[PDB]
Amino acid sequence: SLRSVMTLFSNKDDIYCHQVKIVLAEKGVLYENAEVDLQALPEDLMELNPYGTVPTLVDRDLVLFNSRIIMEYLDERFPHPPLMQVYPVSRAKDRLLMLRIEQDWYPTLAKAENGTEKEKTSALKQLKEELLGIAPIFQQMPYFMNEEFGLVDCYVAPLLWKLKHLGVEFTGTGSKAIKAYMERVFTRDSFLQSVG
């Protein structure tokens, strides 16, 4: 592993913190985890990041927040293994895919965790239908619209992980490809470290 002197301020149930921990583990970067309670933020986080958000990555004098900015920083600073492709069109398609995952699926997931009972049930059914709907994606490629594991999977895997633990179970048409993808990502060394 790499002996960095980084501190990650994070919360263990936050999906954005989860994305960043997977990238840190992929890159083999050692860092200190500083757990934070969202209602009771530590003053040292406030000192470094006045917006008081997590994840916040601190490396010596550098302070970063926003998980997309953090992840691209780590991929650029620590090239191996590559979590984005090399060529500009692939990079743009992956970026657009990420934005859409975040925009379209993440709020439904949040509703599924934090809504009223009919909202939850309604959010879960909606996410379930949508994920089943994109099943054909895998008949071509083992990672999400990619041949190799990358940042897009760092958006999809935390979401599937949360759905699994909310009781979602995939059956019917498209469920074989989704279960296969889950095994492929959940069993990776980095994912194992991220939920450790």
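So that there is no doubt, residue numbering starts at 1 and follows the sequence shown.
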Please compare 115-123 with 95-103 and say which has the higher mean C-alpha temperature factor in the record.
115-123
If you average the CA temperature factors over each stretch, which comes out higher, 57-65 or 131-139?
131-139
For the C-alpha B-factor as written in the entry, point me to the maximum among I70, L160, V168, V152.
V168
Identity of residue with top Cα B-factor, from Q19, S10, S175, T187
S175
Using only modelled residues of the chain, where does the Cα B factor of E43 rank: lowest third, middle third or highest third?
middle
Could you look up the Cα B-factor of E147 in the entry and say which third of the chain it sits in: lowest, middle or highest?
highest
Is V86 in the lowest, middle or highest third of its chain when residues are ranked by C-alpha B-factor?
middle
